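Structure below is start-v9.json: JSON, C-alpha atoms and all ligand atoms.
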```json
[["chain", "number", "residue", "atom", "x", "y", "z"],
["I", 1, "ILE", "CA", 121.68, 42.46, 106.02],
["I", 2, "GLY", "CA", 119.69, 41.81, 109.19],
["I", 3, "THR", "CA", 116.45, 39.71, 109.07],
["I", 4, "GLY", "CA", 115.31, 40.38, 112.67],
["I", 5, "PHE", "CA", 112.95, 43.02, 113.99],
["I", 6, "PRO", "CA", 114.38, 43.88, 117.39],
["I", 7, "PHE", "CA", 111.92, 46.74, 118.21],
["I", 8, "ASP", "CA", 109.42, 46.73, 121.08],
["I", 9, "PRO", "CA", 105.79, 47.30, 119.93],
["I", 10, "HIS", "CA", 104.05, 50.54, 120.73],
["I", 11, "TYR", "CA", 100.40, 51.20, 120.06],
["I", 12, "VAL", "CA", 98.17, 54.17, 119.88],
["I", 13, "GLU", "CA", 94.40, 54.27, 119.47],
["I", 14, "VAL", "CA", 93.30, 56.64, 116.64],
["I", 15, "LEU", "CA", 89.92, 56.88, 114.89],
["I", 16, "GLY", "CA", 88.68, 53.71, 116.62],
["I", 17, "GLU", "CA", 91.68, 51.54, 115.69],
["I", 18, "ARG", "CA", 95.07, 50.61, 117.09],
["I", 19, "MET", "CA", 98.13, 51.60, 115.10],
["I", 20, "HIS", "CA", 101.44, 49.86, 115.90],
["I", 21, "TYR", "CA", 104.75, 51.80, 115.67],
["I", 22, "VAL", "CA", 108.48, 51.64, 116.39],
["I", 23, "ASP", "CA", 109.61, 54.33, 118.82],
["I", 24, "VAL", "CA", 113.26, 54.37, 119.83],
["I", 25, "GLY", "CA", 115.85, 57.02, 120.63],
["I", 26, "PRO", "CA", 116.03, 60.20, 122.79],
["I", 27, "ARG", "CA", 112.79, 62.16, 123.38],
["I", 28, "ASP", "CA", 114.32, 65.68, 123.71],
["I", 29, "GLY", "CA", 114.95, 66.58, 120.02],
["I", 30, "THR", "CA", 113.41, 66.52, 116.55],
["I", 31, "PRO", "CA", 112.10, 63.04, 115.73],
["I", 32, "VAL", "CA", 112.57, 61.28, 112.42],
["I", 33, "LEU", "CA", 109.34, 59.79, 111.08],
["I", 34, "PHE", "CA", 109.74, 56.79, 108.69],
["I", 35, "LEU", "CA", 106.75, 56.09, 106.37],
["I", 36, "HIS", "CA", 106.61, 52.77, 104.42],
["I", 37, "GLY", "CA", 104.45, 52.07, 101.35],
["I", 38, "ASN", "CA", 102.91, 49.08, 99.56],
["I", 39, "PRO", "CA", 103.07, 46.20, 100.59],
["I", 40, "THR", "CA", 105.54, 46.77, 103.41],
["I", 41, "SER", "CA", 105.50, 47.87, 107.04],
["I", 42, "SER", "CA", 107.95, 49.34, 109.57],
["I", 43, "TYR", "CA", 109.91, 46.07, 108.94],
["I", 44, "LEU", "CA", 111.22, 47.81, 105.76],
["I", 45, "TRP", "CA", 113.15, 50.29, 107.93],
["I", 46, "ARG", "CA", 114.57, 47.71, 110.40],
["I", 47, "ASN", "CA", 118.19, 48.02, 109.16],
["I", 48, "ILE", "CA", 118.04, 51.78, 108.58],
["I", 49, "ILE", "CA", 116.71, 52.84, 111.98],
["I", 50, "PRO", "CA", 119.78, 51.61, 113.96],
["I", 51, "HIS", "CA", 121.96, 54.17, 112.09],
["I", 52, "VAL", "CA", 119.67, 57.02, 113.12],
["I", 53, "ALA", "CA", 118.51, 56.07, 116.63],
["I", 54, "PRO", "CA", 121.86, 56.87, 118.28],
["I", 55, "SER", "CA", 121.34, 60.60, 117.61],
["I", 56, "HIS", "CA", 117.56, 60.96, 117.01],
["I", 57, "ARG", "CA", 114.19, 59.60, 118.01],
["I", 58, "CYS", "CA", 112.92, 57.23, 115.26],
["I", 59, "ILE", "CA", 109.18, 56.66, 114.90],
["I", 60, "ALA", "CA", 107.98, 54.17, 112.27],
["I", 61, "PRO", "CA", 104.23, 53.49, 112.15],
["I", 62, "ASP", "CA", 102.50, 50.59, 110.33],
["I", 63, "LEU", "CA", 99.85, 52.25, 108.14],
["I", 64, "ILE", "CA", 96.27, 51.32, 109.01],
["I", 65, "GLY", "CA", 95.36, 47.87, 107.67],
["I", 66, "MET", "CA", 99.08, 46.90, 107.47],
["I", 67, "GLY", "CA", 101.95, 45.60, 109.56],
["I", 68, "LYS", "CA", 100.87, 45.04, 113.18],
["I", 69, "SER", "CA", 98.17, 47.77, 112.99],
["I", 70, "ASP", "CA", 94.49, 46.88, 113.18],
["I", 71, "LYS", "CA", 92.82, 45.85, 109.97],
["I", 72, "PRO", "CA", 89.32, 47.41, 109.83],
["I", 73, "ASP", "CA", 87.14, 46.69, 106.73],
["I", 74, "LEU", "CA", 87.89, 49.99, 104.99],
["I", 75, "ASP", "CA", 88.12, 50.86, 101.31],
["I", 76, "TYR", "CA", 91.74, 51.93, 102.08],
["I", 77, "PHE", "CA", 91.68, 54.87, 99.74],
["I", 78, "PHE", "CA", 94.63, 57.25, 100.04],
["I", 79, "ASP", "CA", 92.19, 59.51, 101.87],
["I", 80, "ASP", "CA", 91.72, 56.86, 104.55],
["I", 81, "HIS", "CA", 95.45, 56.63, 105.08],
["I", 82, "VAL", "CA", 95.66, 60.39, 105.23],
["I", 83, "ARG", "CA", 93.11, 60.50, 108.09],
["I", 84, "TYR", "CA", 94.84, 57.77, 110.01],
["I", 85, "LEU", "CA", 98.33, 59.17, 109.62],
["I", 86, "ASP", "CA", 97.34, 62.75, 110.46],
["I", 87, "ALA", "CA", 95.65, 61.45, 113.67],
["I", 88, "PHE", "CA", 98.68, 59.29, 114.48],
["I", 89, "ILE", "CA", 101.03, 62.25, 114.25],
["I", 90, "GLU", "CA", 98.79, 64.40, 116.48],
["I", 91, "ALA", "CA", 98.29, 61.59, 119.03],
["I", 92, "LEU", "CA", 102.08, 61.37, 119.49],
["I", 93, "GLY", "CA", 102.17, 65.18, 119.99],
["I", 94, "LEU", "CA", 104.79, 65.62, 117.23],
["I", 95, "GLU", "CA", 105.63, 69.25, 116.42],
["I", 96, "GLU", "CA", 108.56, 69.51, 113.97],
["I", 97, "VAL", "CA", 109.82, 66.35, 112.30],
["I", 98, "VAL", "CA", 112.19, 65.04, 109.68],
["I", 99, "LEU", "CA", 110.50, 62.67, 107.16],
["I", 100, "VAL", "CA", 112.01, 59.53, 105.69],
["I", 101, "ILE", "CA", 109.63, 58.29, 103.06],
["I", 102, "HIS", "CA", 109.09, 55.73, 100.23],
["I", 103, "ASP", "CA", 106.31, 54.83, 97.73],
["I", 104, "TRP", "CA", 102.81, 55.51, 99.31],
["I", 105, "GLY", "CA", 104.62, 56.63, 102.50],
["I", 106, "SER", "CA", 106.14, 59.41, 100.29],
["I", 107, "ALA", "CA", 102.63, 60.46, 98.95],
["I", 108, "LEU", "CA", 101.50, 60.65, 102.62],
["I", 109, "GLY", "CA", 104.67, 62.41, 103.73],
["I", 110, "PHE", "CA", 104.74, 65.02, 100.89],
["I", 111, "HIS", "CA", 101.00, 65.63, 101.28],
["I", 112, "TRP", "CA", 101.48, 66.21, 105.04],
["I", 113, "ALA", "CA", 104.57, 68.44, 104.43],
["I", 114, "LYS", "CA", 102.76, 70.65, 101.90],
["I", 115, "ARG", "CA", 99.95, 71.09, 104.50],
["I", 116, "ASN", "CA", 102.38, 71.63, 107.44],
["I", 117, "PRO", "CA", 105.51, 73.13, 105.80],
["I", 118, "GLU", "CA", 106.67, 74.89, 108.95],
["I", 119, "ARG", "CA", 106.85, 71.56, 110.75],
["I", 120, "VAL", "CA", 109.21, 69.77, 108.30],
["I", 121, "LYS", "CA", 112.92, 70.23, 108.90],
["I", 122, "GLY", "CA", 114.06, 67.83, 106.08],
["I", 123, "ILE", "CA", 112.79, 65.11, 103.75],
["I", 124, "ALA", "CA", 114.81, 61.98, 102.94],
["I", 125, "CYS", "CA", 113.07, 60.12, 100.09],
["I", 126, "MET", "CA", 113.56, 57.31, 97.66],
["I", 127, "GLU", "CA", 111.45, 55.72, 94.95],
["I", 128, "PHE", "CA", 108.68, 58.20, 95.68],
["I", 129, "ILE", "CA", 105.38, 58.84, 93.92],
["I", 130, "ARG", "CA", 104.93, 61.59, 91.37],
["I", 131, "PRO", "CA", 102.50, 61.80, 88.50],
["I", 132, "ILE", "CA", 103.06, 59.24, 85.75],
["I", 133, "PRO", "CA", 101.26, 61.22, 83.03],
["I", 134, "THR", "CA", 100.81, 58.37, 80.50],
["I", 135, "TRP", "CA", 101.33, 54.61, 80.57],
["I", 136, "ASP", "CA", 104.42, 54.99, 78.39],
["I", 137, "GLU", "CA", 106.00, 56.74, 81.38],
["I", 138, "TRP", "CA", 105.43, 53.69, 83.59],
["I", 139, "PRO", "CA", 108.29, 51.16, 83.39],
["I", 140, "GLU", "CA", 107.68, 48.89, 80.39],
["I", 141, "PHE", "CA", 108.52, 45.69, 82.32],
["I", 142, "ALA", "CA", 105.76, 46.40, 84.91],
["I", 143, "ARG", "CA", 103.15, 47.88, 82.57],
["I", 144, "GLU", "CA", 101.05, 44.83, 81.72],
["I", 145, "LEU", "CA", 101.00, 43.77, 85.38],
["I", 146, "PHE", "CA", 99.95, 47.16, 86.82],
["I", 147, "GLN", "CA", 97.27, 47.58, 84.10],
["I", 148, "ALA", "CA", 95.93, 44.19, 85.32],
["I", 149, "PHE", "CA", 96.11, 45.28, 88.92],
["I", 150, "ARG", "CA", 93.92, 48.26, 88.07],
["I", 151, "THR", "CA", 90.79, 46.20, 87.42],
["I", 152, "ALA", "CA", 87.90, 45.11, 89.67],
["I", 153, "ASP", "CA", 88.10, 41.52, 88.51],
["I", 154, "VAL", "CA", 91.59, 40.48, 87.44],
["I", 155, "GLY", "CA", 93.35, 42.87, 89.82],
["I", 156, "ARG", "CA", 91.39, 41.60, 92.83],
["I", 157, "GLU", "CA", 92.02, 38.00, 91.80],
["I", 158, "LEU", "CA", 95.82, 38.59, 91.48],
["I", 159, "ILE", "CA", 96.36, 40.77, 94.53],
["I", 160, "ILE", "CA", 93.74, 39.57, 97.04],
["I", 161, "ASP", "CA", 93.07, 35.97, 96.01],
["I", 162, "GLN", "CA", 96.66, 35.08, 94.91],
["I", 163, "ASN", "CA", 98.73, 37.52, 96.98],
["I", 164, "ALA", "CA", 100.69, 38.80, 93.96],
["I", 165, "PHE", "CA", 101.82, 42.02, 95.68],
["I", 166, "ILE", "CA", 103.62, 40.06, 98.40],
["I", 167, "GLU", "CA", 104.75, 36.98, 96.48],
["I", 168, "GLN", "CA", 105.68, 38.60, 93.12],
["I", 169, "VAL", "CA", 105.92, 42.41, 93.19],
["I", 170, "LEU", "CA", 107.85, 42.75, 96.47],
["I", 171, "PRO", "CA", 110.69, 40.35, 95.58],
["I", 172, "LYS", "CA", 110.75, 41.70, 92.06],
["I", 173, "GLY", "CA", 111.46, 45.14, 93.42],
["I", 174, "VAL", "CA", 114.64, 44.01, 95.25],
["I", 175, "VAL", "CA", 117.87, 43.14, 93.37],
["I", 176, "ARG", "CA", 119.21, 40.70, 95.94],
["I", 177, "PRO", "CA", 117.03, 37.69, 96.81],
["I", 178, "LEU", "CA", 114.88, 38.09, 99.87],
["I", 179, "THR", "CA", 115.24, 35.27, 102.36],
["I", 180, "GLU", "CA", 112.30, 33.16, 103.53],
["I", 181, "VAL", "CA", 112.55, 34.67, 107.02],
["I", 182, "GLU", "CA", 112.24, 38.17, 105.43],
["I", 183, "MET", "CA", 109.40, 36.96, 103.16],
["I", 184, "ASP", "CA", 107.58, 35.60, 106.28],
["I", 185, "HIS", "CA", 107.92, 38.94, 108.07],
["I", 186, "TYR", "CA", 106.28, 40.59, 105.05],
["I", 187, "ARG", "CA", 103.60, 37.84, 104.59],
["I", 188, "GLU", "CA", 102.53, 38.01, 108.28],
["I", 189, "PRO", "CA", 100.03, 40.91, 108.12],
["I", 190, "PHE", "CA", 98.31, 39.36, 105.08],
["I", 191, "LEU", "CA", 97.97, 35.67, 106.02],
["I", 192, "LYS", "CA", 94.18, 36.04, 105.70],
["I", 193, "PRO", "CA", 93.36, 36.85, 102.02],
["I", 194, "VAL", "CA", 90.53, 39.28, 102.94],
["I", 195, "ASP", "CA", 93.07, 41.49, 104.77],
["I", 196, "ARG", "CA", 94.79, 42.25, 101.42],
["I", 197, "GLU", "CA", 92.39, 45.08, 100.49],
["I", 198, "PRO", "CA", 94.96, 47.89, 100.94],
["I", 199, "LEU", "CA", 97.40, 46.04, 98.67],
["I", 200, "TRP", "CA", 94.82, 46.21, 95.82],
["I", 201, "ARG", "CA", 93.42, 49.68, 96.43],
["I", 202, "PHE", "CA", 96.95, 51.22, 96.46],
["I", 203, "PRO", "CA", 97.86, 50.43, 92.81],
["I", 204, "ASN", "CA", 94.33, 51.57, 91.88],
["I", 205, "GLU", "CA", 95.16, 54.88, 93.52],
["I", 206, "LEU", "CA", 98.46, 55.42, 91.70],
["I", 207, "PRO", "CA", 98.38, 58.64, 89.59],
["I", 208, "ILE", "CA", 98.87, 56.95, 86.18],
["I", 209, "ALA", "CA", 97.40, 58.27, 82.89],
["I", 210, "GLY", "CA", 95.27, 60.85, 84.66],
["I", 211, "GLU", "CA", 93.42, 58.32, 86.82],
["I", 212, "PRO", "CA", 92.19, 58.58, 89.50],
["I", 213, "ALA", "CA", 91.79, 62.30, 88.99],
["I", 214, "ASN", "CA", 91.69, 63.15, 92.69],
["I", 215, "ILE", "CA", 95.12, 61.56, 93.39],
["I", 216, "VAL", "CA", 96.66, 63.00, 90.21],
["I", 217, "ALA", "CA", 95.57, 66.51, 91.37],
["I", 218, "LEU", "CA", 96.82, 65.98, 95.04],
["I", 219, "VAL", "CA", 100.22, 64.56, 93.85],
["I", 220, "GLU", "CA", 100.56, 67.41, 91.28],
["I", 221, "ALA", "CA", 99.94, 69.81, 94.18],
["I", 222, "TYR", "CA", 102.62, 68.39, 96.53],
["I", 223, "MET", "CA", 105.09, 68.18, 93.62],
["I", 224, "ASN", "CA", 104.51, 71.85, 92.81],
["I", 225, "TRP", "CA", 105.13, 72.57, 96.54],
["I", 226, "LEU", "CA", 108.29, 70.38, 96.61],
["I", 227, "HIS", "CA", 109.76, 72.08, 93.50],
["I", 228, "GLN", "CA", 109.41, 75.51, 95.21],
["I", 229, "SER", "CA", 110.29, 74.51, 98.80],
["I", 230, "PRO", "CA", 113.64, 75.37, 100.43],
["I", 231, "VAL", "CA", 113.28, 72.37, 102.74],
["I", 232, "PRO", "CA", 116.48, 70.27, 102.70],
["I", 233, "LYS", "CA", 115.94, 67.09, 100.63],
["I", 234, "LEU", "CA", 117.97, 63.89, 100.50],
["I", 235, "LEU", "CA", 117.15, 61.60, 97.53],
["I", 236, "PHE", "CA", 118.47, 58.03, 97.37],
["I", 237, "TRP", "CA", 118.39, 56.33, 93.97],
["I", 238, "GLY", "CA", 119.58, 53.06, 92.44],
["I", 239, "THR", "CA", 120.28, 51.51, 89.07],
["I", 240, "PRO", "CA", 118.06, 50.80, 87.22],
["I", 241, "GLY", "CA", 115.49, 51.96, 89.79],
["I", 242, "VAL", "CA", 111.77, 51.69, 89.02],
["I", 243, "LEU", "CA", 109.77, 54.89, 89.74],
["I", 244, "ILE", "CA", 112.92, 57.06, 89.79],
["I", 245, "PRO", "CA", 115.52, 55.88, 87.18],
["I", 246, "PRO", "CA", 119.05, 57.34, 87.31],
["I", 247, "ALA", "CA", 118.36, 60.13, 84.71],
["I", 248, "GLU", "CA", 115.23, 61.20, 86.66],
["I", 249, "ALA", "CA", 117.24, 61.35, 89.92],
["I", 250, "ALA", "CA", 119.76, 63.56, 88.06],
["I", 251, "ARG", "CA", 116.93, 65.79, 86.82],
["I", 252, "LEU", "CA", 115.53, 66.11, 90.38],
["I", 253, "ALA", "CA", 119.00, 66.96, 91.77],
["I", 254, "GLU", "CA", 118.68, 70.05, 89.55],
["I", 255, "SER", "CA", 114.95, 70.89, 89.81],
["I", 256, "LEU", "CA", 114.40, 70.39, 93.55],
["I", 257, "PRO", "CA", 115.92, 73.09, 95.80],
["I", 258, "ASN", "CA", 118.59, 72.08, 98.36],
["I", 259, "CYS", "CA", 118.55, 68.45, 97.18],
["I", 260, "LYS", "CA", 121.47, 66.02, 97.79],
["I", 261, "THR", "CA", 121.31, 62.80, 95.79],
["I", 262, "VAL", "CA", 122.95, 59.54, 96.92],
["I", 263, "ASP", "CA", 123.71, 56.67, 94.53],
["I", 264, "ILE", "CA", 123.06, 53.43, 96.47],
["I", 265, "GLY", "CA", 124.34, 51.13, 93.61],
["I", 266, "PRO", "CA", 122.09, 48.29, 92.37],
["I", 267, "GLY", "CA", 118.45, 48.85, 93.24],
["I", 268, "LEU", "CA", 114.91, 48.61, 91.84],
["I", 269, "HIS", "CA", 112.05, 49.81, 94.10],
["I", 270, "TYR", "CA", 112.60, 48.64, 97.67],
["I", 271, "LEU", "CA", 116.04, 50.28, 97.92],
["I", 272, "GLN", "CA", 116.07, 49.71, 101.69],
["I", 273, "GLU", "CA", 116.49, 45.96, 101.09],
["I", 274, "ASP", "CA", 119.49, 46.41, 98.77],
["I", 275, "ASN", "CA", 121.58, 48.99, 100.67],
["I", 276, "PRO", "CA", 120.15, 49.76, 104.08],
["I", 277, "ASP", "CA", 123.55, 50.64, 105.52],
["I", 278, "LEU", "CA", 124.32, 53.47, 103.13],
["I", 279, "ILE", "CA", 120.74, 54.80, 103.39],
["I", 280, "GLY", "CA", 120.91, 54.81, 107.18],
["I", 281, "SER", "CA", 124.51, 56.16, 107.44],
["I", 282, "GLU", "CA", 123.80, 58.98, 104.95],
["I", 283, "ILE", "CA", 120.55, 59.99, 106.73],
["I", 284, "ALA", "CA", 122.43, 60.04, 110.07],
["I", 285, "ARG", "CA", 125.25, 62.15, 108.63],
["I", 286, "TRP", "CA", 122.72, 64.59, 107.09],
["I", 287, "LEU", "CA", 120.55, 65.30, 110.20],
["I", 288, "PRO", "CA", 122.81, 67.61, 112.23],
["I", 289, "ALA", "CA", 122.84, 70.50, 109.73],
["I", 290, "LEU", "CA", 119.01, 70.56, 109.73],
["I", 291, "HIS", "CA", 118.72, 71.37, 113.40],
["I", 292, "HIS", "CA", 119.33, 75.16, 113.30],
["I", 293, "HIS", "CA", 116.42, 77.46, 112.42],
["D", 301, "CL", "CL", 101.14, 50.45, 94.77]]
```

Output the structure of this file as structure tokens.
Amino acid sequence: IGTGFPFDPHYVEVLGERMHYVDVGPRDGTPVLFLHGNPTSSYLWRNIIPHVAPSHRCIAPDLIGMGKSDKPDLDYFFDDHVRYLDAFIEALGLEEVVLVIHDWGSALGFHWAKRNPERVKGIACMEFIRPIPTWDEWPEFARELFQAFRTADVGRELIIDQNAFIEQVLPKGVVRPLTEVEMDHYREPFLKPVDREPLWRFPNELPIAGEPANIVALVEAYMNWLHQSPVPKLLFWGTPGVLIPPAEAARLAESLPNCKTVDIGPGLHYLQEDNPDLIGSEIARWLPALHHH
């Protein structure tokens, strides 16, 4: 599994800030747009993209405040990410796309699809966000920690002051051990503690136990859309998983229209770090049948 990031930087200015993105592949077709979540960056897709780039443009932005993107002093609510990503997609002049999405990148991607359904030719997803209606439906192992994250005192001290999202949660969501070179690529955006704001606001935005009500309603809405949408869907899952355990993947195979599920083997949350090759090869094999309208 590769540790390098052999992609030239591209930048676009949106809403007063520079966003960095990967942009590789042919320009004359339907691009594939890869959206990372917390606390990652386009680095998460580094070993997946090379499987797709031979046939399709691959665009992988760093969300505002993350990766190599600028780090304004925002609250970094989901709504802020929504504004930045919508402007990013329009600045690149994207029309129809295929989405490849994970964690908060999946909340952004499903929210944009629901709002632009005619522009989405397929959704590949993994470990995505849906409502977690009560705390008993959050994984028991992670429950105490995420309850602690969702406070103004303890949560800020763990995430911002001590970097828990990078030094504990990230490695704990990968089965295999991350290397120090990989850990340094993920630590880089957040070397200054004050730049860790998005890493704390994100778990405070998760739709758990009805709170916050605005995100619970928005995520309910894109899930209702997704359950009724004929859009082709490709869902990667692992064992034991985190947000999407094997039995939930099986349930979604049945309840989401035109959904293919792929078992990637061992995996927790950051499935891209456990089996990037199968993820990338299965996305590449799935694209051609989406082309025809
Ligand atoms: Cl989060």

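All residues, whether protein, DNA or RNA, that have an atom at most 10 Å from ligand CL 301 (chain D) (counting all atoms listed in the file) are residues 37, 38, 39, 103, 104, 129, 146, 149, 165, 169, 198, 199, 200, 201, 202, 203, 204, 205 and 206 of chain I.
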
Kindly export the residues of the current selection with C-alpha atoms, as a CSV table (one decimal), keeping the file's coordinate frame.
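Written output follows (selection-v7.csv):
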```csv
chain,number,residue,atom,x,y,z
I,37,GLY,CA,104.4,52.1,101.4
I,38,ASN,CA,102.9,49.1,99.6
I,39,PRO,CA,103.1,46.2,100.6
I,103,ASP,CA,106.3,54.8,97.7
I,104,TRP,CA,102.8,55.5,99.3
I,129,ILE,CA,105.4,58.8,93.9
I,146,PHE,CA,100.0,47.2,86.8
I,149,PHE,CA,96.1,45.3,88.9
I,165,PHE,CA,101.8,42.0,95.7
I,169,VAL,CA,105.9,42.4,93.2
I,198,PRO,CA,95.0,47.9,100.9
I,199,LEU,CA,97.4,46.0,98.7
I,200,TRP,CA,94.8,46.2,95.8
I,201,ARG,CA,93.4,49.7,96.4
I,202,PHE,CA,97.0,51.2,96.5
I,203,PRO,CA,97.9,50.4,92.8
I,204,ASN,CA,94.3,51.6,91.9
I,205,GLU,CA,95.2,54.9,93.5
I,206,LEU,CA,98.5,55.4,91.7
```

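When only C-alpha atoms are used to compute distances to residue 265 in chain I, the closest of the residues I:159, I:175, I:250, I:1 turns out to be I:175.
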
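Comparing I:192, I:18, I:10, I:46 by their smallest distance to residue 280 in chain I, the closest is I:46 (using only C-alpha atoms).
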
Compile a residue-level contact table for range 91-166 of chain I against range 219-225 of chain I at a cut-off of 12 Å, reporting for every qualifying residue the shortest atom pair and its distance in Å to one decimal, with only C-alpha atoms counted, rows ordered by chain and ascending number, as a Markdown table.
```
| residue | atom | partner | partner_atom | distance |
| --- | --- | --- | --- | --- |
| I:104 | CA | I:219 | CA | 10.9 |
| I:106 | CA | I:219 | CA | 10.2 |
| I:107 | CA | I:219 | CA | 7.0 |
| I:108 | CA | I:219 | CA | 9.7 |
| I:109 | CA | I:222 | CA | 9.6 |
| I:110 | CA | I:222 | CA | 5.9 |
| I:111 | CA | I:222 | CA | 5.7 |
| I:112 | CA | I:222 | CA | 8.9 |
| I:113 | CA | I:222 | CA | 8.1 |
| I:114 | CA | I:222 | CA | 5.8 |
| I:115 | CA | I:222 | CA | 8.8 |
| I:116 | CA | I:225 | CA | 11.3 |
| I:117 | CA | I:225 | CA | 9.3 |
| I:128 | CA | I:219 | CA | 10.7 |
| I:129 | CA | I:219 | CA | 7.7 |
| I:130 | CA | I:219 | CA | 6.1 |
| I:131 | CA | I:219 | CA | 6.4 |
| I:132 | CA | I:219 | CA | 10.1 |
| I:133 | CA | I:220 | CA | 10.3 |
```

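The gap separating CA of residue 6 in chain I from CA of residue 58 in chain I is 13.6 Å, in Å to one decimal.
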
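Counting all atoms listed in the file and comparing I:3, I:124, I:52, I:253, the residue that lies closest to residue 25 in chain I is I:52.
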
Identify which of the residues I:11, I:290, I:65, I:80 lies closest to residue 230 in chain I, counting only C-alpha atoms when measuring atom-to-atom distances. I:290

Polymer residues at most 7 Å from (89.3, 61.1, 113.6) by all atoms listed in the file, as a PyMOL selection string: chain I and resi 14-15+83+87

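Coordinates place CA of residue 233 in chain I at a distance of 15.5 Å from CA of residue 105 in chain I.
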
Work out how far apart CA of residue 293 in chain I and CA of residue 36 in chain I are and give it in Å to one decimal. 27.7 Å

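The shortest atom-to-atom distance to residue 275 in chain I, with only C-alpha atoms taken into account, belongs to I:45 out of I:138, I:45, I:21, I:34.
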
Excluding range 95-101 of chain I and its own-chain neighbours fewer than 2 positions away, which residues fall within 6 Å of it when counting only C-alpha atoms? Please give them as a list in words. residues 30, 31, 32, 33, 34, 35, 105, 106, 119, 120, 121, 122, 123, 124 and 125 of chain I

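Considering the residues I:61, I:267, I:207, I:2 and counting all atoms listed in the file, residue 20 in chain I has its shortest atom-to-atom contact with I:61.
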
Would you list the contacts of residue 158 in chain I as an MDAnalysis selection string, taking every protein, DNA or RNA residue within 12 Å and counting all atoms listed in the file, but skipping same-chain residues closer than 4 positions in sequence? chainID I and resid 145:154 162:169 193 196:197 199:200

For residue 137 in chain I: contacts at 12 Å, all atoms listed in the file, fewer than 3 positions along chain excluded, given as a list in words: residues 130, 131, 132, 133, 134, 140, 141, 142, 143, 207, 208, 209, 210, 242, 243, 244, 245 and 248 of chain I
